[PDB]
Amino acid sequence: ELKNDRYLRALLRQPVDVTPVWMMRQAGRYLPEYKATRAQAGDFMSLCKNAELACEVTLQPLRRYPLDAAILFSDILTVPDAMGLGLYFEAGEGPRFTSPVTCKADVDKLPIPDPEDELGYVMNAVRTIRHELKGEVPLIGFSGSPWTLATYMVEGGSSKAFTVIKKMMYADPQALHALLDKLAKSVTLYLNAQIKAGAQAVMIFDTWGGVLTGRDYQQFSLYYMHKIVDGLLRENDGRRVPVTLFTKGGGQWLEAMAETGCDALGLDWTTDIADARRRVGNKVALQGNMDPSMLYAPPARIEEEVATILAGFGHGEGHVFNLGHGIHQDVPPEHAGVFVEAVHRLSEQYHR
């Protein structure tokens, strides 16, 4: 039985006593105990496949900072990895693919993985984490969006210019669509399995959508995330399960996204909170906005950025505080704790 409501209420723009908080990549190297467990797993790849350890790292943050929500520890490339492509995580270079989807054949041959079957290990963690959280807080299930995933699947990893997907997009659009569509069906099944296995909320990372035109962003990215939402079950375990979409950088596309069906939209320090709320506030809840590097600042300074960001939004009800990007390994542990306390202490005035 769940005790903390905040997160779930805020995403639904429902009154809360204080604003909720959670940090992207709260299960990361900035935590000494995290770096340890990761060494028990061997490589990141296996860490993400081990249910006991995957959970443990998801729990480490909650034992330091009373965060209103936890996000299963997994990888965005979970689905593409289960599509027979040769994916490895070089602790130096980066996520790489030996057989990147090139043309149409590559796409038609691409298979839809059974979440419970081939991706049944991320489902295991969900089950574990839920039983572990012992009702203390809601569990967030996640996945990349059809497009940013197709990026790595075509680029073969992380590209600095995405020179390939676009050569495809602008010269073989039917192919990119064949692909993106399959990826839509896939992740929809993928996300529902999480929801069924315990996920009480869910979020889609379209981390690269902002590298596109407003035309192409909508053609090849929004449409597909939208489909997921039209096909996700908004309810389970007697509760409405929330959905948050997040295109880093796409602060201007903010208007179209709201038409998505989705309950919440994520933001990054590139978009003004007030601005965003003034443009979609009464339509969708908003998630975080701070700059992760700000966590390097002295406690006092950080606190005033929580206060700054809390204003610009403030007055209402639909807000979940958060960073615009995951935490960087070098950030000090008690510095995040300062941040997590600033949002609670200083946001309570905007709910009275």
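From 1 onward, residues are counted along the sequence shown.
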Tell me which of 181-189 and 166-174 has the higher mean C-alpha B-factor in the deposited entry.
166-174
Averaged over C-alpha atoms, is the B-factor higher for 251-259 or for 267-275 in this PDB entry?
251-259
Largest Cα B-factor, entry values, listed residues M225, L212, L139, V107:
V107
Entry record, C-alpha B-factors for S145, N236, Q218, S99; the maximum is at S99
Here the Cα B-factor of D81, set against its chain, lands in the third termed middle
Chain-wide C-alpha B factor ranking for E155, given as lowest, middle or highest third:
middle
Which third of the chain holds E303 when residues are ordered by C-alpha B factor: lowest, middle or highest?
middle
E33 CA temperature factor, ranked by third within the chain:
middle
Against its chain's modelled residues, does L323's Cα B factor rank lowest, middle or highest third?
lowest
